[PDB]
């Protein structure tokens, strides 16, 4: 896609810190950028939309290549259009924002400069941040995660992408999403079908696959952390139902793990660890620490464990024990993942696509930091905070993931009832293991 000039693009500033062993930290002058799919996209030299609602203008966009030549991405009004504000080290995302139109959610990337994403290298490090999830109900997800995107959003690779990381291009994840309008400097107009329950979304013939480390998928009820390996760690375009993932008919038939190896304390058998009034109390802000432990204690070792700590009211809180017979420990390891998928009777494509070693291979490439807020038009967020699948018995291991009602989270309802919902991410720190909090 091309660059529109009607609205200048100015990235809100957000600082984060780099820490050294011993706990000293240096402040980095980061900036954030909204993902290209949220943007106005119009004919070059005109105001005519290339895409409106959930359908393309097939005169401007008769095929994927012509569409990319003829269609320009615009700059964003972060606060007024998108409900996005930042100050100091804090980023706030609001759910619904009404201007001339009604915007729902957002997805932001951390930038190193105005044309380059910050490439985090997490092996043998910890990532730590503070969050306020107190205004997130059932059905919403404030996600903070990492994906193996290209640092320039694909500009050097794809000359027909003139916009790049400045306009939030190049997204990919472990669902191999087919709902993206531009992938690899081509539109996705070919094969495009509108969503049956999302007035703003649809899916095309192309998807964008890469490995994904879900540090944080959460609301006030439940949270989960989840590595998703792929056969290739970096961005790849896929075609058709062969993509696999949530957007295709056979979830498990592609090159990425769409389920991941998850640790949700509630799902792992402790109903009183995370939530309102719980050990980790969602009514207030708390710190989330995530460690990526390697086999040899260096950044070139193989990923072997993912550990989680929380800090709240100055108390360091280790992750809760998994309580199911045969599925113990409080971290993600290969042995956990094998044992968990077996007990829960889930298909283990985690191992098939490389397990933790494959996730570590993605981490070694460098990864982009994503902060988002969304509702779930495929599964109503029930997989995070309710029984899933909703037909199953809540006494079966793996079924119950939080206390939300099985009828919660319908997007029409979520959009109507919680337009005011918001999340606040702040105080990001990255450094050697133990360096970012009162360890260990």
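Numbering follows the first chain given and starts at 1.
Comparing the deposited coordinates for 274-282 and 293-301, the stretch with the larger average C-alpha B-factor is 293-301. Here 385-393 and 27-35 are compared by their mean Cα B-factor, and 385-393 comes out higher.
Looking at 186, 232, 239, 365, the one whose CA carries the top B-factor in the deposited record is 239. The entry assigns its greatest Cα B factor, within the set 134, 103, 115, 193, to 193. In the deposited entry, the Cα temperature factor of residue 402 places it in the lowest third of its chain's modelled residues. The deposited CA B-factor of residue 380 belongs to the middle third of values across its chain. Residue 313: CA B factor in the highest third of modelled residues in this chain (values from the PDB entry). Residue 423: CA B factor in the lowest third of modelled residues in this chain (values from the PDB entry). Remark: residue 200 belongs to the highest third of its chain, ranked by C-alpha B-factor as recorded.
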